[PDB]
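A.B. asks: PDB entry and its sequence, pasted below:
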Amino acid sequence: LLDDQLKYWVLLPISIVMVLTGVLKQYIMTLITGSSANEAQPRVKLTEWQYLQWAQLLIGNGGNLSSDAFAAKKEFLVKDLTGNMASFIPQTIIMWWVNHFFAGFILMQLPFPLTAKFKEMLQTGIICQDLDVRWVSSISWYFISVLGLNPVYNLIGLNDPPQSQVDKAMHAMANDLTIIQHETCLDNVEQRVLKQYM
Amino acid sequence: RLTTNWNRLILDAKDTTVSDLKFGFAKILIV
Amino acid sequence: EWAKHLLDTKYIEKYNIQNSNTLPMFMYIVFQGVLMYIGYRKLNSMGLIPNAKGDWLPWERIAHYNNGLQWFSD
Amino acid sequence: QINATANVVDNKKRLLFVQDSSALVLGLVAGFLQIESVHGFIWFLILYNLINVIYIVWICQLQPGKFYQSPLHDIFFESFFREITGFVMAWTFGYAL
Amino acid sequence: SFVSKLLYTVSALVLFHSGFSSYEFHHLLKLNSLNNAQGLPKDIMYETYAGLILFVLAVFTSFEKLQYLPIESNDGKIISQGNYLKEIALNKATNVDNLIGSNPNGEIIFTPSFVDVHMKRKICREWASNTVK
Amino acid sequence: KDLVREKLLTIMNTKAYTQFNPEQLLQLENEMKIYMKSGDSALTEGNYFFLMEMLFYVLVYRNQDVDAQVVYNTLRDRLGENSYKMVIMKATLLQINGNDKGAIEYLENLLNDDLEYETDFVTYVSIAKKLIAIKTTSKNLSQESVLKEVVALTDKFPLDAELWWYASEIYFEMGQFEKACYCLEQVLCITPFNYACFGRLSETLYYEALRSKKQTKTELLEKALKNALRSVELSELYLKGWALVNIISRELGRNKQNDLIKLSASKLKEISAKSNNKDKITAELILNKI
């Protein structure tokens, strides 16, 4: 075959619109998500929330290096305590767009041999029945675009309950963290350091 | 190659006549 | 330790009493593999299988019938 | 217990830029060599892995560990379906010339 | 001017010119074939391999051996690690910060809020004394 | 020269200016302004305004201060004055411009307007910090400053490690040296890998041990060893962890620690190598003195 100089008006617009549409998508998604605060509510509830977070981090952070100081905390603890839209919106709409404006062409030649049923779906524009395995219509180039475009976005540069009973649940975890795990540090540090830095 | 192509290197206008001959439309029919 | 080393090299006895708050195993791979089974079985085997005879039509040999004759004619 | 840091977030990400930069110039060279498919795939693999090892040679100073966790895992097979399809984009667009 | 961004531009452009060269030869490979009833890649290939190797080279020099200065001093005293990247082990990563007199904990150590309000008053008085100094 | 911004990136995050000599601080502001005005390339807007206020606060730290008004007026363009920083800049301006206490009461009702949580928790955390910083000038110094911290600290925000760290200083200077150990443990609770709370938590134990009984002397020294060794796992050339290990080993000097003295000496001589600046003077002083 001999396709004639439509490489300007389709292939470039297809890559170009994918580039702009995704860059816009990241800008739009970033715009849509705004917290701008936690809330504007009274003082107390965030205050005891961060107390709860202090307990939570004590589970991870402070529950390792406190062989002497483990028990001293626990008295205190008990007393003190007690996008899919981003997928759907752009790309489905532009499937309609491309089939609307770009149809009924053989746009290019993929380099690789597909199987016949790939050649079933891709050429809905053309109405030949034994054309070839390799040639493809316009919409196939889109089908290759969406899954291959992550390097482009990198290279241009872009990047990514009950109020009281749950307190009792973490008080039960305060009870659990007493002797569920007493971690072996401030005992093996001499062994570990002599094992290393030689 | 550098010299000849740099001389080349130093908008659409949709002209019909070259299109005809490239696709073989321009032909002589001997009857 | 411009000042901490200096404070350590000499002797210091500065302290007093203050209130101070008055503070007091191959299962994982066996498990995961069938999830590779399910897509190939259910959808890629919809119409997209190699090794069945319809995939070699591009590679099918060109039957040679005459190979020494022309049959020019009207 | 080997310590891990948020430092790695940069250098890990940094590596991606090298490979993604090495994955859209590929495809174009394949298309300009005007190639069939399986020749193209083997060409892709040999250039891709030579780029990977020379990256381990030069940017990394022959010390893949001490820069990444699971380093032998990550240089070869991580981000491998993240860029093979980009290579297909590059290869289709190049071979149309 | 260092060679990396130069090499990016010349490598993209030499690939672009190899592109126009291959445009002319390979468009006139099948278009001229139409004149022959559907009837030098080699130096094209050699200049292509030049372009690929040079672009590969181009990417490397955008990565430099990391080189640093001391925070407290005002002389140069340029601190070289002889290293390209930044490592993952927290102990020696903490090293490369401690070559500087800095602490990524930062504010917790220094407590800017209490210190500053006295610091500005006394420091203006203090340097006013040091103005002879 | 883009290498300059690296220090600036440090100086915003580290507040390195805070403990700088006015001689080198004056150098710093001069060295800054040339790159601030000249090297305007390739740096983010957020970094721009963080550098711009850090110019303001250097200038207030400087002995000439009229330029502070310049920088503040140029930086007043964005987000008005409601963010935490412009509350800081206006308070320190109103407090320095005439040496009038006024900003506190204009800030006082602000916290009574924070009763609705009109701003984020970190904001009035910092307001609590800087209003106390004002008040310790109102009440020029006392131990009850910490008692004031308690009504601000144990009631509202344990999470700020800076508060417990600062409280440690006032306990450590003349107060009981044991509650600093608890508070520094709490600092460890907040952040896993503070390796200077590690050195300090051992030093406060050592100073406590200097005034304790013999069995408590050995007990606290042994705990101090294991805390200074806990320093070492977070860093190789950390001058203060290795040094404090070597110090209590100088005090004790017993056979296995004599080997650790040899290892610490190799590491401390590596530290006292000239890769490090000025700190080497303190490191070498203790190395070669005894």
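C.D. replies: Here it is on my side, so go on. Numbering: from 1, shown residues only, chains lettered A, B, ... in the order given.

A.B. asks: May I ask you to name the longest helix in the chain?
C.D. replies: In the absence of a named chain, chain A is used. Criterion DSSP state H: the longest helix present in chain A is helix A:11-32.

A.B. asks: sorry, should have said chain E
C.D. replies: Longest helix in chain E, counting by DSSP H: helix E:3-35.

A.B. asks: Now it: buried residues?
C.D. replies: The neighbour-count check on helix E:3-35 (16 or more other C-beta atoms under 10 Å in any protein chain shown) flags E:4, E:7-8, E:10-11, E:14-15, E:17-19, E:21-22 as buried. Backbone N, C-alpha and C define where each C-beta goes, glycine included.

A.B. asks: Looking at the residues you listed, which one is closest to chain C?
C.D. replies: Nearest to chain C out of the buried residues of helix E:3-35 is residue E:22 (C-beta to the nearest C-beta; 27.3 Å).

A.B. asks: From chain F, how far off is the closest one?
C.D. replies: 36 Å (C-beta to the nearest C-beta, to the nearest Å).

A.B. asks: residues contacting that residue?
C.D. replies: Residue E:22 makes contacts with D:32, D:97, E:44, E:48, as judged by C-beta atoms under 8 Å, 6 or more residues apart in numbering or on different chains.

A.B. asks: Do any residues in the strand or helix carrying the third one lie close to chain A?
C.D. replies: So that's residue E:44. In the assignment (DSSP states H and E), residue E:44 maps to helix E:41-60. No: Helix E:41-60 does not reach chain A (C-beta under 8 Å from any C-beta of the partner chain); its nearest approach is 11.5 Å.

A.B. asks: buried stuff in the helix or strand just after that helix?
C.D. replies: Next in sequence after helix E:41-60, counting helices and strands by DSSP H and E, comes strand E:66-68. Within strand E:66-68, the residues scored as buried using 16+ other C-beta under 10 Å are residue E:68.

A.B. asks: residue contacts, the nearest residue to residue D:82 once chain neighbours are set aside?
C.D. replies: The shortest distance from residue D:82 to any non-neighbouring residue, by C-beta to C-beta, 6 or more residues apart in numbering or on different chains, is to residue A:150 (5.5 Å). Shown in contact with residue A:150 (C-beta under 8 Å, 6+ apart): D:20, D:82-83, D:85-86.

A.B. asks: Can you report how many residues lie near the nearest residue to residue A:140 once chain neighbours are set aside?
C.D. replies: The shortest distance from residue A:140 to any non-neighbouring residue, by C-beta to C-beta, 6+ apart, is to residue A:122 (4.2 Å). When neighbours are defined as other C-beta atoms under 10 Å in any protein chain shown, residue A:122 has 19 of them.

A.B. asks: Check the one 3 residues further on too.
C.D. replies: In terms of burial, residue A:125 registers 16 neighbours under the definition other C-beta under 10 Å.

A.B. asks: Need the three-state assignment for it.
C.D. replies: Following DSSP: H, G, I helix; E, B strand; the rest coil, the label given to residue A:125 is coil.

A.B. asks: for it, what are its contacts?
C.D. replies: Residue A:125 neighbours (C-beta under 8 Å, 6+ apart): A:103-105, A:137-139.

A.B. asks: Surely residue E:61 and residue E:6 touch.
C.D. replies: No: with contact defined as C-beta atoms under 8 Å, residue E:61 does not reach residue E:6; the gap is 9.0 Å.
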